[PDB]
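What follows is one chain in structure tokens, specifically the form deposited in one PDB entry.
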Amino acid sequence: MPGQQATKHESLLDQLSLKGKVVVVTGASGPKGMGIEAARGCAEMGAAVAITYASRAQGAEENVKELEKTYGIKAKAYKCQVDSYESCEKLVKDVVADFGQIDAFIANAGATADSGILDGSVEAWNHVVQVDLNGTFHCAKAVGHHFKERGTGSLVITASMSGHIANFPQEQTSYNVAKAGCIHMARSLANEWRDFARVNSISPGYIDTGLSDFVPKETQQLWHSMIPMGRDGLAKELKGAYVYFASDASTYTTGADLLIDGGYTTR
């Protein structure tokens, strides 16, 4: 296929449609999160979804049942540990052999950091870099070969506003550094796969996935004052961007980054 061409559909609803297409999402281990929302969004567009999980399948199992019943499409859960290449490589092979192909890939690897560079050990640093950065690298290289053989494809990497600025007052340089590298990874791969696939990243700000309770009320109040919209976001506010990049509504966008932080980076 001589390079990537523009959508054949003049209709937005046909550009966004994922019918006849296969999309795979990483996290989606719980009925509440960025990965499950991306899964629901793509599914709503008639997409056959393939969500993965790290340790326990319970969460994925149900997400699939909920995905097939409410959207009436085909779905399946797979075990995948991004920190391991062979794991990712296995994911692709198994998803391709099951669904027959992979059209879009949503990668959301986000292991947090609990300290600064000095207070933290080396192990602490490597954990974040190995999962957040290298983990993204693993998924990309896994689907990359499949995209090259089909001459089509869309890789959406989930980065973070932490890849733009440094969070305060919590210190998490390792996370920021990993996420920043993730953003540029999108740019560089877009240029590398310029002949067959599109690559773009989403940089979420403070999105409440359901764990706010494990955070000091004062800390949250301190964050909201820094967020011009003065509130946390909800994962369902990302599905749009997720579907946008995965579908044919962005056949000319590649190497881009979309900020969704309620205007945080703006200040």
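We call the rigid core the largest set of C-alpha positions that still match within 1.5 Å between the two forms. Don't overthink the numbering: it's just position in the shown sequence, from 1. Only residues modelled in both forms are compared.
- In this entry, 137-145 has the higher mean Cα B-factor, the comparison being between 163-171 and 137-145.
- In this crystal structure, the stretch out of 69-77 and 188-196 whose C-alpha atoms carry the higher mean B factor is 69-77.
- Note on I51, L211, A235, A48: the highest value goes to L211, judged by CA B factor as recorded.
- In this structure the maximum Cα B-factor among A60, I227, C42, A241 is found at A60.
- The deposited CA B-factor of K179 belongs to the lowest third of values across its chain.
- Among all modelled residues in its chain, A38 ranks in the lowest third by Cα B-factor.
- The PDB entry assigns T219 a C-alpha temperature factor belonging to the highest third of its chain's modelled residues.
- Sorting the modelled residues of the chain by their CA temperature factor places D257 in the lowest third.
- Per the PDB record, residue ranking by Cα B-factor puts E89 in the middle third of the chain.
In what follows, reference is made to the form deposited with a small molecule bound, a form of this protein that is not presented.
- Contact annotation: the small molecule lies within 4.5 Å of heavy atoms from the stretch 199-207 in the deposited complex, the single such stretch among 64-72, 199-207, 214-222, 40-48.
- Within 4.5 Å of any heavy atom of the small molecule in the deposited complex lies no heavy atom of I106.
- Contact check for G144: every heavy atom lies farther than 4.5 Å from the small molecule in the deposited complex.
- Contact check for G153: no non-hydrogen atom falls within 4.5 Å of the small molecule in the deposited complex.
- None of the heavy atoms of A241 is located within 4.5 Å of the small molecule in the deposited complex.
- Only one of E192, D83, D94, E171 lies close to the small molecule in the deposited complex, with a heavy atom inside 4.5 Å, and it is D83.
- Only one candidate in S225, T70, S212, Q58 has its Cα displaced by 2 Å or more between the shown form and the other one after core superposition: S212.
- Fitting the two forms on their rigid core shows CA movement of 2 Å or more between the shown form and the other one over just one run of at least three residues, at 210-217.
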